[PDB]
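**Q** One structure is given below, represented as structure tokens, and several questions about it will come after.
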Amino acid sequence: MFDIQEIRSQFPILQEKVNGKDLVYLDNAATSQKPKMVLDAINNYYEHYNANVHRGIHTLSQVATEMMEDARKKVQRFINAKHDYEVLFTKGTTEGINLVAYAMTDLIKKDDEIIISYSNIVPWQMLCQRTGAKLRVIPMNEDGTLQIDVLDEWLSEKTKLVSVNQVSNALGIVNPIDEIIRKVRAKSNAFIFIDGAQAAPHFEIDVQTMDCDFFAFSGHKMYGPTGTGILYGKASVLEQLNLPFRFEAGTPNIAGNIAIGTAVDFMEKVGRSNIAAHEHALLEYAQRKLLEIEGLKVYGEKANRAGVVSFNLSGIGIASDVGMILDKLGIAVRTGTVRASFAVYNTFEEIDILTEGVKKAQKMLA
């Protein structure tokens, strides 16, 4: 029971016009748009329940505290964490990364090794600057995939942390996380950090079967407010760093944490398999229609990808030239390649608008 029109009716910004045109929002990998239930949660919190949490004894403080803890349990079930106290509220993926990178400082000695995948690589580069650790980077192949067989030679007793993004943000490539984790468990005692910021909006997460040690993601990419994120960690691993209060300092973003639970509710209401199916059909259709344009190349064309078509036109260098023409047609994409990225509310009719817009751009720029 998947009604694209019922879904789109929940997103008020979809009625917005841009340069006199219907908004065609295909920059979802940058940030997603928000359904009414999430915005209602924010507003209802501030108009009825706002108070500080945990420390207080009066009624509003009790209700506010309970609502935030209810939201933690929604996220727990959403990623199938075994315990609510393994779910930490943060302000974004970048915060979760920095939290782990700083807390690892004491567990890394003078010649240990950190392995990362191919712009938040600074915390790990800084962690190696503090310790005596050597940073190692998994190379990317030409087609955008990771050269993960390098782990067969790099993993050793020296490897203390491996950090991989589950989905690449530029190309949308789904990295082979289960094979990587299996390799890391078999040949090292390293902690495994998975950046799921581009994964959590698009397909179901089960951190228990995934066997990651950490899993981090951002609310704003998955229909939630800015300023929110989640860091999951195995209790047995969190307890080695320096629950969940130990890792949540200062006043929490109470409203945002409540509302990211409402964004979980929205996804569960739509259906996570329905989202994946609809988005996979959008992606296949868009890549098919775009490849009919003469001279257009699709990066990672043969790769398994989540919600992202990246492309370049043959004779057009500044991709922004195409992006500006598309924006004047109402189409929002990321721009030396053009990145169109899908969310649950996008339509096949919108992809046709994109494809006709790209054809028009290339002859405009000829």
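Letters A, B, ... mark the chains of the structure tokens in the order given; residue numbers begin at 1 per chain; ligand numbers begin at 1, in order shown.
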Determine which residues of region 25-136 of chain A DSSP labels as strand (DSSP E or B) from the backbone of this structure, then write them out as a PyMOL selection string.

**A** chain A and resi 25+27+87-90+113-117+134-136

**Q** What does the file look like for those residues with C-alpha atoms, as an mmCIF file, in the first residue's frame?

**A**
```cif
data_model
loop_
_atom_site.group_PDB
_atom_site.id
_atom_site.type_symbol
_atom_site.label_atom_id
_atom_site.label_comp_id
_atom_site.auth_asym_id
_atom_site.auth_seq_id
_atom_site.Cartn_x
_atom_site.Cartn_y
_atom_site.Cartn_z
ATOM 1 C CA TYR A 25 14.369 18.531 -5.329
ATOM 2 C CA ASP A 27 19.781 16.987 -3.804
ATOM 3 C CA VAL A 87 22.062 4.569 21.449
ATOM 4 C CA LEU A 88 23.760 7.946 21.992
ATOM 5 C CA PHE A 89 22.254 11.251 20.841
ATOM 6 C CA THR A 90 24.740 13.510 19.062
ATOM 7 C CA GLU A 113 47.552 1.575 12.837
ATOM 8 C CA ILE A 114 44.211 3.124 11.827
ATOM 9 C CA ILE A 115 42.571 2.151 8.519
ATOM 10 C CA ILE A 116 39.996 4.417 6.861
ATOM 11 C CA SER A 117 38.194 4.374 3.537
ATOM 12 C CA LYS A 134 50.116 5.510 11.247
ATOM 13 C CA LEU A 135 47.013 6.325 9.185
ATOM 14 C CA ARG A 136 46.284 4.056 6.211
#
```

**Q** Which polymer residues have any atom within 8 Å of an atom of region 170-182 of chain A, counting only C-alpha atoms, with same-chain residues fewer than 6 positions away left out, as a list in words?

**A**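 Those residues are residues 144, 145, 146, 148, 164, 192, 198, 210, 211, 212, 299, 300, 303, 304, 305, 306, 307, 308, 309, 310 and 339 of chain A.
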
**Q** Quick one: residues within 12 Å of residue 284 (chain A), only C-alpha atoms counted, chain neighbours fewer than 2 positions away excluded, as a PyMOL selection string?

**A** chain A and resi 277-282+286-291+298+301-309+342+348+351

**Q** Could you please determine the separation between CA of residue 311 (chain A) and CA of residue 296 (chain A) in Å, to one decimal place?

**A**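 CA of residue 311 (chain A) sits 6.7 Å away from CA of residue 296 (chain A).
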
**Q** Can you check which parts of region 131-233 of chain A lie within 7 Å of region 28-40 of chain A? Per residue, the shortest pair of atoms and distance in Å to one decimal, counting only C-alpha atoms, sorted by chain and number, as JSON lines.

**A**
```
{"residue": "A:169", "atom": "CA", "partner": "A:29", "partner_atom": "CA", "distance": 6.8}
{"residue": "A:220", "atom": "CA", "partner": "A:31", "partner_atom": "CA", "distance": 5.9}
{"residue": "A:221", "atom": "CA", "partner": "A:31", "partner_atom": "CA", "distance": 4.8}
{"residue": "A:222", "atom": "CA", "partner": "A:32", "partner_atom": "CA", "distance": 6.3}
{"residue": "A:223", "atom": "CA", "partner": "A:34", "partner_atom": "CA", "distance": 4.9}
{"residue": "A:224", "atom": "CA", "partner": "A:34", "partner_atom": "CA", "distance": 6.4}
```

**Q** Could you write out that same residue set with C-alpha atoms as a PDB file, in the first residue's frame?

**A**
```
ATOM      1  CA  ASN A 169      28.223  10.255  -0.493  1.00  0.00           C
ATOM      2  CA  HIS A 220      18.893  15.659   8.633  1.00  0.00           C
ATOM      3  CA  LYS A 221      19.539  13.066   5.885  1.00  0.00           C
ATOM      4  CA  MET A 222      16.687  10.867   7.020  1.00  0.00           C
ATOM      5  CA  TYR A 223      13.691  13.213   7.247  1.00  0.00           C
ATOM      6  CA  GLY A 224      14.685  14.654  10.652  1.00  0.00           C
TER       7      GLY A 224
END
```

**Q** Can you tell me which residues surround region 226-235 of chain A at a distance of at most 8 Å, considering only C-alpha atoms, apart from same-chain residues fewer than 5 positions away, and format the answer as number ranges by chain?

**A** A: 81, 83, 85-93, 96, 212-220, 253, 256-257, 260

**Q** Take the residues from that selection and write them out as a PDB file, in the first residue's frame, keeping C-alpha atoms.

**A**
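Below is the file that was written, out.pdb:
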```
ATOM      1  CA  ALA A  81      20.468  -2.232  18.943  1.00  0.00           C
ATOM      2  CA  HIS A  83      20.104  -2.012  24.496  1.00  0.00           C
ATOM      3  CA  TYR A  85      21.791   2.627  26.433  1.00  0.00           C
ATOM      4  CA  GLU A  86      23.873   1.770  23.346  1.00  0.00           C
ATOM      5  CA  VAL A  87      22.062   4.569  21.449  1.00  0.00           C
ATOM      6  CA  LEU A  88      23.760   7.946  21.992  1.00  0.00           C
ATOM      7  CA  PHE A  89      22.254  11.251  20.841  1.00  0.00           C
ATOM      8  CA  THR A  90      24.740  13.510  19.062  1.00  0.00           C
ATOM      9  CA  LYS A  91      24.468  16.633  16.919  1.00  0.00           C
ATOM     10  CA  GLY A  92      25.442  14.916  13.654  1.00  0.00           C
ATOM     11  CA  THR A  93      27.605  12.242  12.070  1.00  0.00           C
ATOM     12  CA  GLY A  96      29.884  10.963  16.486  1.00  0.00           C
ATOM     13  CA  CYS A 212      29.831  -3.175  13.813  1.00  0.00           C
ATOM     14  CA  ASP A 213      31.370  -1.773  16.983  1.00  0.00           C
ATOM     15  CA  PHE A 214      30.087   1.740  16.168  1.00  0.00           C
ATOM     16  CA  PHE A 215      27.410   2.985  13.769  1.00  0.00           C
ATOM     17  CA  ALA A 216      26.857   6.712  13.175  1.00  0.00           C
ATOM     18  CA  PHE A 217      24.259   8.636  11.166  1.00  0.00           C
ATOM     19  CA  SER A 218      22.608  12.037  10.778  1.00  0.00           C
ATOM     20  CA  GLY A 219      18.995  13.013  11.342  1.00  0.00           C
ATOM     21  CA  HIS A 220      18.893  15.659   8.633  1.00  0.00           C
ATOM     22  CA  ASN A 253      19.078  18.872  21.960  1.00  0.00           C
ATOM     23  CA  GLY A 256      15.766  17.415  17.975  1.00  0.00           C
ATOM     24  CA  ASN A 257      16.150  14.050  19.728  1.00  0.00           C
ATOM     25  CA  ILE A 260      14.503  12.194  15.121  1.00  0.00           C
TER      26      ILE A 260
END
```
